[PDB]
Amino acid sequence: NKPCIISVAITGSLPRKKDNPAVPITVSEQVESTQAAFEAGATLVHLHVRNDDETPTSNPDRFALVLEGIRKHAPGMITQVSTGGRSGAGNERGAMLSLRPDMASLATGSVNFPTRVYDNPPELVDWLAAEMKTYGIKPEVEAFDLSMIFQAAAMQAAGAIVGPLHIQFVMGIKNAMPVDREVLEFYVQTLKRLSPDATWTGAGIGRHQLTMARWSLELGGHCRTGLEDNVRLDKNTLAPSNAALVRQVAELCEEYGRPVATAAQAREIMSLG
């Protein structure tokens, strides 16, 4: 009965045109892919930007052009910029925050990724959180491991994160946290114990994208999909668009009796302006 927010991670930093031509790279491609996903039921856009040669970038000018197009073509949709980056990258990872999006991703710890370490030094975590506060941005805590939930709660208690927490439990990444029902249940129980008014989203990478969406719907959480996490619609078929992946989650919403949240409902659930 409770509405479900559908987040759409459109691009990411790894997916290329060779993996799936549906992956939006240019400003026009990202705006059109977001609008189609918004019309399919998505109310939150998780945004990574790319250079013309498909290489990842934190370029604030590229972010500004895409955010402007999203506000015009998908009105009311929650904008969420990514603060992800390579190992060794510092303040550059939060150079787009002054554009004042609705939200921004915040990894509160470090974790192993498939080929490298996803480095998030404590000094960088503190700086990114302080910048989001300065520009009135609501953080989305990216919890790639258990300790990151404790770090998020300790930061909220100290006043480093303002208002109710929104945390994303990420599962299915090689060398990080695998997709596990008992761990997700413990994640929710731990979040409830540390931060009772917090909201959460379950996120699955690859073939476990729909599995994490089903579990999130059952456990009273919210959903995330998109080409950033998975380029396949099923084992044999590539996803023709981000909107096609949003439709899969929207279909699961009707199956579990939870209505797809509107833009106004999504902002209310996560206590946004």
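All residue numbers are counted from 1 along the displayed sequence.
Judged by mean Cα B factor in the deposited record, 82-90 ranks above the other of 82-90 and 148-156. For the pair 168-176 and 70-78, the mean Cα B-factor is higher in 70-78. In this structure the maximum Cα B-factor among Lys192, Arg100, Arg181, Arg116 is found at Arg116. The entry lists C-alpha B-factors for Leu47, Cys223, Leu65, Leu210, and the highest of these is at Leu65. The deposited CA B-factor of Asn51 belongs to the highest third of values across its chain. When the CA B factors of the chain's modelled residues are split into thirds, the value for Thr43 lands in the middle one. When the modelled residues of the chain are ordered by C-alpha B-factor, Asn59 sits in the highest third. Among the modelled residues of its chain, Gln248 has a C-alpha B-factor that falls in the middle third according to the deposited record. Placement of the Cα temperature factor of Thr26 within the chain: highest third of the modelled residues, per the deposited record.
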